[PDB]
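Contents: one structure, followed by commentary.
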Ligand SMILES: CC(C)C[C@@H](C=O)NC(=O)[C@H](CC(C)C)NC(=O)[C@H](CC(C)C)NC(=O)OCc1ccccc1
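Here is the structure:
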C-alpha cells in the first residue's frame, strides 16, 4: 500500500536524492580504506575495525577481495551490501572472459557494477546499495589504474584516494605528499602508513589494526600479494624511525 | 515489481518531479555548444581537477556515433546510462534500415527515453539535459538540446548547467553572423564563453570540436591553451 | 548388468556386478552399482550410468533432508514413492532400473523400480541385462526365511550366473548386507575373474621415442 | 557420427608421483585436415590438466564453460580445486545438457592440491565419472589406445618411464586411425615441474 | 476523511465512500430518459454543447441491432463498458447464432463493474447507463449505477435535474404500455423537457431519440430525423 | 482509530475492525429470513421498492445458486451477485469433477472460505454480504446454512439477516420448525416478515418467497403465485 | 488474491546512514535467551539455555541446537520460528552443494550462503529483516570453525562468543578464560559455566542444550551427558 | 515503544517486538471459549466448551473439534473462520505427506508445517498473522500419545497437557499441579483431569451437552469424538 511505502528513488524538492546522500554518510562511519598508485605497482591499504581479541582472523583479509587475476577491491560500508557487490563483480569479470577470451580491462568492471548501483537509485522502490569501494588493477590497455565507486554509481580514476572515516584528512595529506610522476611502491607504502597514522585515532598503527595489499606486474602475470603482519610491522617501525629523525632535527 | 506513479500532476497543473529533475541539471557543471559553418563545437567547464584524480575517466563529452557527439550537464550517473543506450540505438539503427543515424533521430530517441521515465510507474525521471552536436549526410551541422522532461529543440548555439542563463545571454549577444568562421574563431567563441564561465581557470575549461566531415577530436590541453592565448591576445587588442 | 536382491529373515542383501560397457568395449572394470540412499537404505542401479548415479543422489539428498526434519530413520516407502514419482514424470527418458532394499521401523523391504515409473515389492528381484539368468538361480534356490550367510551365498551365486552368462555383465561381485542392527558393505566381496600375468616384457627403454620439441615449467 | 566429424584422441596415465595427459594435435573437418596445432589439453590450474576430445565446437565450449565455473569457485573458496571436485563439476555441466549432450568425453589428469597423489578420471558425454588407477582413454581411436595401454602400462613408473609408455601408446594407436593423428603433445605433471613435449609423428 | 480515500476501506458506518463519490459523477452529467411500451422501447437523451460553435457530444451509442445504451457520466468510462457490450453481443451471435438476451448482458455488465469496486488501486467505473433492448421476452430498459447494482425499470432518468423527469415518468407510467411509438417518444421528450431549465427549450440540435422494437433494429434518430418526433408537441407549460 | 484502515491490521484489543464495518452494512440491509421445515427450507425476503418505476424482480435478493440450492442475500446487492456467481461456479465444478450434486455442507464451506480470504489481505476489501444457503435432498435431508462477512458458516434451524434480525429470530423461535409441514411454514414466513417490515421506517415492500423441499422434488424454486398471495392474505390478517 | 504482495523495502537508510529496522532486529537477538559458542582446538562446543515456562511443555520435542548437516550445527538467539526457517534453508543449501560438488559443504561456505539469504530479507520489499542471530559451527579440513551471522547478514568467525541476555558479561567471562590452548574440549565445562553465570534458578539436563562438533561430526550431547557435565561442573 | 507503523503492520519495533503478532494472541481470547488437552500413558484427550447461544443454531454444526486425518484430530481456539481455514490447510498437508512420502504424517510434523505457514504471515506484510490456535492429538509409534500446540506467532512445541482460550493461565497452573503428581493417568483419569480442570476454571460444573470431548487411544488409534451420553458417564463419575 502507498501509506506503508518509502519513496527511496523520488527526487528531493532541492533535486538531490535523499537516500543516496544518507547512504554516503554510512560510508563515512565505516573504517578507513586508502589507495595509492605508483608506476611499479598499485596498492590498497585499509584499517581493520572491531579488532576484538577472540576473532579468528581466518578470512585472509576481510576488507580486501580479489575480483579477477588482474583486479582487486576493498570496500567501506554495510558488509551485507559489500558481499553482494563483490560476488557480482567476480561474475561480470568471468562473463567477459567467456564472451571475449581476454581479462576484463578495469573501467569496464567499475562501470558494470556502477550501472547496477545507479539502477537501484533509478527505480524499483528499493533501498540503494550503501557501499563505496576502491578498485586496484592492471590492464594491457592503460596499465596500472585505481578507481573509486560511490553508492550513487558515479566513479572516478584517482591515482590516490581514501574512502574511510577520516577521508577528508587522508586526502589532504595525500595531495600534499603524493609526488606525481614519481613511482617507487616503497615510497607509496610509506605515504600510506603516514596517512593511516593520521586517520587512525589509536596511536602506534598496530599491525593487526591495519591490512595492506599490493598489486604488481611480475613476469607478465599480475600478482595481488597481501603484505604479511611482519612486513606491516617493519613498515610501521620505518614510519616511527622517520618520526624519530624529525624529533632529532627539532 | 514496484507499480506506482513516481510523478503525478500537482494541483497547479505542473509535474513537480520533472521540475525537481531540472533543478539537478541547474546544479550540474556548465556545458557550451555552438555550430560552426563547417565545424560543430562543444565545451565543458568545472573540471575541478584534484591533481590526484585522472581526467580521462571524468570526461563529459562522448561520441555516440561517428556522425553524432553529446555533452551532458546534470547527474553524472544518469548520463552514463543514457549515453550507452543511445550508442546501442545508433548501431541498432544501422542493423535495421541500413544507413548512418541522422542527428535529429538520435535526439528524438534520447528525448523519448527521457519522456518515458516521466510517463512510467516506479521510475524517477533522468536528471540529465544534453547537447547533441553532429553533421548529417547533407553535411549541414546540427545541434539539439534535450530537456529532462523530454523536449528537443534545434539550437545554433546554447549552454546548459550552473549559470547557464549568464552564458546563454553572453552567447546570443556575442553570436556573430557567419558563425565567426575560420574554424579557430568558432572555437574562440566557445573559449570566450568559457572565459564567461565563472571559474575562468583557462586550463580548467576543456572543449572538444568535431570537424563534422571527420571524427570528434578532443583539444589537447596545450592546444586549448594556445586557443586561450588567442582569446587573451584578443583581450589585449580590446584594451 | 546383473543386480540381485533377497529378503532374508533379519534384512536384505543387495548384490551387483562391477562392469560398465560402452558399446561392446569394457569402459570400467570396477563401477560401484550399489549406492547409499541413506544409512538404513541402499539401492542397486542398472541402466544409463549417468541416470542411475544422478537419480540415486537426488533421492539420497531429499531423504537426508527429510531425516533431519523428521528426526527419525527414513522409510523405504518414502524413497520408493519419491523415486517412482520422478521416473514417471520423465516418462522413461531417465533410464534407471533400481533395486531398492532397506530395513525400516516396519521391517526389511525390497522393491524393483523400472524406468517408466512402475515398482513391484517382492521377496527376490533381479534387474539388468543378466537379470533373467540370476532369476533362474533365485527361482530354483530361494527358500523363504534364510540366515544372513545363506542369503549372501544366494545373491553372489545369482550375480555369478549373470557375470558368466551375459556379455554385458562381468568383473568382481559386490554385496551389501543390511540388517536392523548392522549394515555391511563388502565392495570386493568376491573376485571371480582375474587378468592373467603378462608373459613378455614390453617396457620401452628411455630414448626409444623421438621429441620434436620439449619445454620444462618450474612449479611453485 | 557427430563424434568422428572433427576426430580426436586423449589418453592419461598414472605414475609413482606423476600423472601424464596426452592428445593428438590434428584439427580437421571430415577427411580434410585444417590445422595441426588444435589445443585439446586445457590446464585447469597448476598440477591439474583436463583433456577434451570430441566435436571441436564442444571441446572449446566445455573448456571455456568449465573455466568460468572453476574461476568463481577458486575465488569464493580460496583453495585450488581438488581433482575429485573438478570431476564432479564437469559431470554437473555435462548432465545439465543430458537431453542434448555436448559431444565431448573429458579426461582429467592432475595431482592433488595439498597432498600429491595422482588422479586420472574419464567422463561420458552425459556425465558418468570413471576414476581409475591405470589409464583413461577417450577418443575416436579408443579401442586401439586401450589395447596398447593394457599391454604397456606398469604399476609404478618414474616420470621418464611414464612418458615413454604414454608416448608409444598414443603414437602407435593414432597411426591406425585415419581421422586422428598429425602429432602428439604429452604434458607430464610431477610436483617439481610440468613437462610438455611434442613427439615425432607420421604427418599423413 | 481517512475512509474516503479508497474503495477497499469501509467506513465505521459501513458505507463505501469512493462508491458514493463515483455515484456523484453520474449526477454531474447530461439528463437521459428511457421508457418502454408493449412492443417498443425509446431512450430520449438531452445532448449538451460545450460551446455554440461546438457540436453536442453524442449520448446514445449503438451496441447491437437489438440493444442501445445511453450514457450519463464520464464518457471515457462509458466507451470501455460500451466496447465490452459490443464484444459480448458479438460472441453470443458468433457461438449461439442468436441475439444475447438483454437481461443477461446487464448481468455481465454488473460483474465487470463490481471487480474494480473491491480490489485495491483499481477505481470504481463512473458512468450511469440506460440500456434498451428487444428479445423473446420483449422490450426492456435497465439502469446501471457505478455501485454495480443493475435495476430493471419500465421508465427511468439519470444525471443532473433527473428528479423532475422521474416524477413525470412516474405520474404517466400507466399510459406507457398501451401507446404507439410516437406517443412513447412524446412522453419521453416531455420528460426531458422537465429536466431542461425553463429558459432553455427542446430543439433538433439538443435532443437525440433512439428506438428499438419488434420490427425496428436500434436506430439513433437525430438532427432532422428528430424533427417529426419534436413536431406536434404541446407548448412547454412554463 | 488508525487501526481500522486495513483488514490486514489487528486492533490492539484483538479484532479486525474492517470486517466489523462490513457486517454493519449487512445490518443496514432489509431483513431476509430462512426457516428449516420438516421437508425442505423456505426463504422469504423483505425487499422494499425504492422506486415505483422499477418493474418488479428488480434487485431480486433470492438466487437459484444450483438446481437443489437457493440463496437469500442481505448486504450490498452488488457483492452478493458476485458471491452467487462463485457459488454457482463451485457447484458446477463439483458436478463436473465428482459426478454428483454438491452437498450443501460443502458448498457453504467452500463459499465461506472465499469470503474469509478477503479479510486476510490489505489489497482486497472484506465482503459486504451475509447470504443464507438452503437445500433439500432425499439422501441428506433439508439443510440450512448462513455465511456472514467474516466467513463463519453455521447450520441454522431458523435464521434471519439484516436490520430486523433480532425481532425476526424471536418470532421464529416460537414457531415449531422441526415438525411444521413446508406448505404450512410458508404462511408463517410471510407473517414474520410483515411484522418486522417497520411499516413507516421503510416504504411499501414486495414479499419474495422461495421453496426447496419434497413438494419441489429437491429443486430450489420460487413459490408458485397461487401458494403465495394466500400466504400474504394470512400475514396481513394475522398482523391485524 | 493479493499475489506476491509489497515490492518496496521496509528497511531504508536513516539521515545518519544506519538502517533502523536491522537495529531493531538486533534488539530481539540481545533480548533472546542466552546462547554461548566456544571453539576448542579439537572441536567447537555450542551451548544454549532452554528454560520451558512450565513442566507441561515437553523439552525433548523441540531442539534449539540443530544439525544442518553431518559436520555442521547451528544455535540461535532471538525469535524461534525465524530460526526454523533459516535452519531448513541452510540444510537445503548444504545438500545442493553436496549434489553439485559431491563433497560436504565447507563450513565457511554455508555461513556466507545463509548470510546471503538473511541480507536478501533486508534489501527485499515487504519482508521484515530476520530477528535471529546464529552461531554456526563446523569441522571441515580437521580445523574446527565457529561463525556468527547477524540479522543484517554480516558474518564473523569467533573462537568464542555469546549472544542473548547478559551477552556482554558472557563475552567478558569468556575473555577471562578461553586461553584457546585447550586441546581437549574441556570448554564444554567453560560453556556450561558461562551460561551458568547468567543462568536463573538452576542448571539441569533439561535446562541446558549442548551440541559438540568434533572430527567425528556434529552430535547433540545426550540429556544424560549434559547431566554428567552439569554434575561436577567445578 | 513505537516507531513509524511498528504497531500497524508486522514489522520490527524498538525492543525487537512484533506488536501485530502480540495482538494476534489477544484474538484467540476474543472468542469466548476455552479448550484443554491432557496426554495419558495410553491415550490423549481434547475437551472444549460448546456454547449454543440460540436454540435455532444446529448443535451438530457448532463444533470446534475437527478430524485432520483418521489418526489425527484437532481443537481450534480463535476466530471460527480463520480456524476453519487452518483446518483445511492441515488436512491438505497431511494428504500431500501421505502421497509424496508414503506414510501418514507424524503429528509432530503436521504442527511444524502449519507453524511454518504461520511464520511467513508474520514475515511478509500484506498477510494478517491469523487469530486461531490449534491443538493436535495423535498416537505415534515409539512416541506414544502426543499433544501439540501451534501459536499464531508460529511457535510449536510438544505438550503433555495444555490449554488455550479465554482462561489459560488458570488452566495451565491447575493442570501443572495435577501433572506434578499424575503418576501416569489412565484413560478415565485423563478425561476426568481435563473435564475437572475446565469445570473448575470456568466454575460452571457443566452438563454433558455443554462440552465436547475427542480422544485418541493406543488401542483405538482412530480419533473419536465422544457422544454426549459417553461424556455424561464420565461427567457423573467425576461428580461422584
Ligand atoms: C550402473 C551402470 C554402469 C550399469 C551399466 C550396465 O548396465 N550401464 C551401462 O553399461 C550403460 C550402457 C548399457 C545400458 C548398455 N552405460 C555405458 O556403457 C556408459 C558407461 C561407461 C562407458 C563408463 N555410459 C554411456 O554413455 O552409454 C552410452 C549412451 C549414450 C547416450 C545415451 C545412452 C547411452
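Residue numbers (the deposited numbering), protein chains in the order written: chain i, 2 to 251; chain j, 2 to 240; chain o, 2 to 221; chain p, 2 to 205; chain l, 4 to 241; chain m, 5 to 244; chain h, 1 to 234; chain g, 5 to 244.
C-beta: ideal position from N, C-alpha, C; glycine also.
| field | Cβ pair count under 8 Å reaching 3, the segment 30-39 of chain i against the segment 166-176 of chain i | value | yes
| Can you find a CB in chain p that lies within less than 8 Å of the CB of residue 73 of chain o? | Position 72 of the third chain, counting from 1, holds the residue named residue 73 of chain o. Not closer than 8 Å to any Cβ of chain p, the Cβ of residue 73 of chain o fails to qualify, so no.
| query | With a cut-off of 8 Å, does the C-beta of residue 15 of chain m fall near any C-beta of chain i? | reply | Counted from its first residue, the sixth chain places residue 15 of chain m at position 11. No, its Cβ sits nowhere closer than 8 Å to a Cβ of chain i.
| said: Any heavy atom of ligand 1 inside 7 Å of the beta-carbon of residue 47 of chain o? | reply: In the third chain, residue 47 of chain o corresponds to position 46, counting from 1. Within the cutoff, so yes.
| query | So with Cβ pairs under 8 Å, would you call residue 2 of chain h a contact of chain m? | reply | Walking along the seventh chain from the start, residue 2 of chain h turns up at place 2. Chain m, which has a Cβ nearer than 8 Å to the Cβ of residue 2 of chain h, makes this yes.
| message | The beta strand (DSSP E) that contains residue 67 of chain h, what's its start and end? | response | Reading the seventh chain from its first residue, position 67 is the one you call residue 67 of chain h. 66-69 is the span of the beta strand (DSSP E), which, as asked, contains residue 67 of chain h.
| said: Is residue 124 of chain m close to chain g? Criterion is C-beta to C-beta, closer than 8 Å. | reply: By 1-based counting over the sixth chain, the position of residue 124 of chain m is 120. Yes, its Cβ sits closer than 8 Å to a Cβ of chain g.
| query | Relative to ligand 1, is the shortest distance from any of its heavy atoms to the C-beta of residue 150 of chain p smaller than 7 Å? | reply | To locate residue 150 of chain p, count along the fourth chain from 1; it is residue 149. Not so, every heavy atom of ligand 1 lies at least 7 Å from the Cβ.
| request: Classify residue 169 of chain m as helix, strand or coil using the three-state DSSP reduction. | output: Against the sixth chain, residue 169 of chain m aligns to sequence position 165. Three-state result, residue 169 of chain m: helix.
| So, do the segment 124-132 of chain l and the segment 17-34 of chain l have three or more beta carbon pairs nearer to each other than 8 Å? | yes
| request: Find out if the Cβ-Cβ distance for the pair residue 153 of chain l, residue 112 of chain l is shorter than 8 Å. | output: For the purposes of this step, residue 153 of chain l is taken as the residue at position 150 of the fifth chain. For the purposes of this step, residue 112 of chain l is taken as the residue at position 109 of the fifth chain. Cβ distance < 8 Å, so residue 153 of chain l and residue 112 of chain l count as in contact.
| request: Using a Cβ cut-off of 9 Å, pull out every chain h residue sitting near residue 127 of chain m, in sequence order please. | output: Residue 127 of chain m sits at position 123 when you count from the first residue of the sixth chain. Ordered by position in chain h, the residues that pass the 9 Å Cβ test against residue 127 of chain m are 1, 2, 3 and 5.
| request: Leaving out five residues on either side along the sequence, give the residues of the same chain with a beta carbon under 8 Å from the beta carbon of residue 16 of chain j. | output: For the purposes of this step, residue 16 of chain j is identified with residue 15 of the second chain, where counting begins at 1. Correct list, in chain order: 8, 9, 10, 119 and 150.
| query | For residue 67 of chain o, is the classification buried or exposed, using 16 other Cβ atoms within 10 angstroms of its Cβ as the cut-off for buried? | reply | For the purposes of this step, residue 67 of chain o is taken as residue 66 along the third chain, with counting starting at 1. So residue 67 of chain o ends up on the buried side.
| field | For residue 75 of chain i: DSSP bridge partner residues | value | In the first chain, residue 75 of chain i corresponds to position 74, counting from 1. Its beta-bridge partners are i:65 and i:135.
| message | What are the residues in the segment 128-139 of chain g lying within 9 Å of chain m by C-beta distance? | response | 129, 130, 131, 132, 133, 134 and 135
| said: Determine, for residue 67 of chain h, whether the minimum Cβ-Cβ distance to residues of chain o falls below 8 Å. | reply: Taking the seventh chain and counting its residues from 1, the one referred to as residue 67 of chain h is at position 67. For residue 67 of chain h, the answer is yes, since a Cβ of chain o falls inside 8 Å of its Cβ.
| message | If we require 3 or more residues per run, which beta strand (DSSP E) segments fall completely within the segment 127-172 of chain l? | response | 130-137, 142-147, 153-155 and 158-161
| DSSP three-state assignment for residue 101 of chain g, whether helix, strand or coil | Start at 1 with the first residue of the eighth chain, and residue 101 of chain g comes out as number 97. Helix at residue 101 of chain g.
| said: Within 8 Å, do at least three Cβ pairs link the segment 173-186 of chain j to the segment 94-108 of chain j? | reply: no
| Considering only the beta carbon of each residue, do residue 36 of chain m and residue 45 of chain m sit closer than 8 Å? | In the sixth chain, the residue the question calls residue 36 of chain m occupies position 32. In the sixth chain, the residue the question calls residue 45 of chain m occupies position 41. No, Cβ-Cβ distance for residue 36 of chain m and residue 45 of chain m is not below 8 Å.
| said: Helix, strand or coil, according to DSSP, for residue 224 of chain h in the structure here? | reply: On the seventh chain, position 224 is the one that residue 224 of chain h refers to. Reduced to three states, the DSSP call for residue 224 of chain h is helix.
| Which chain i residues are close to residue 54 of chain j, counting only those with a beta carbon under 9 Å from its beta carbon? | Locating residue 54 of chain j in the second chain gives position 53, counting from the first residue. What residue 54 of chain j touches in chain i: 157, 158, 159, 160 and 162.
| query | Is it true that the segment 107-121 of chain m meets the segment 228-239 of chain m, where meeting means three or more beta-carbon pairs spaced less than 8 Å apart? | reply | no
| request: For residue 41 of chain m, return the contacting residues in chain g, with the cut-off set at a CB-CB distance below 9 Å. | output: The residue labelled residue 41 of chain m in the question sits at position 37 within the sixth chain. Result: empty, since nearest Cβ-Cβ is about 13 Å, beyond 9 Å.
| query | If you run the structure through DSSP and keep just helix, strand and coil, what is residue 12 of chain g? | reply | Along the eighth chain, one-based indexing puts residue 12 of chain g at 8. Residue 12 of chain g: coil per DSSP, three-state reduction.
| Span of the alpha helix (DSSP H) around residue 84 of chain o | Counting from one through the third chain, the residue named residue 84 of chain o turns up at place 83. That run of the alpha helix (DSSP H) goes 77-91.
| message | Considering only heavy atoms of ligand 2, does any lie closer than 7 Å to the CB of residue 137 of chain h? | response | Ligand 2 is absent from the structure shown, which contains only ligand 1.
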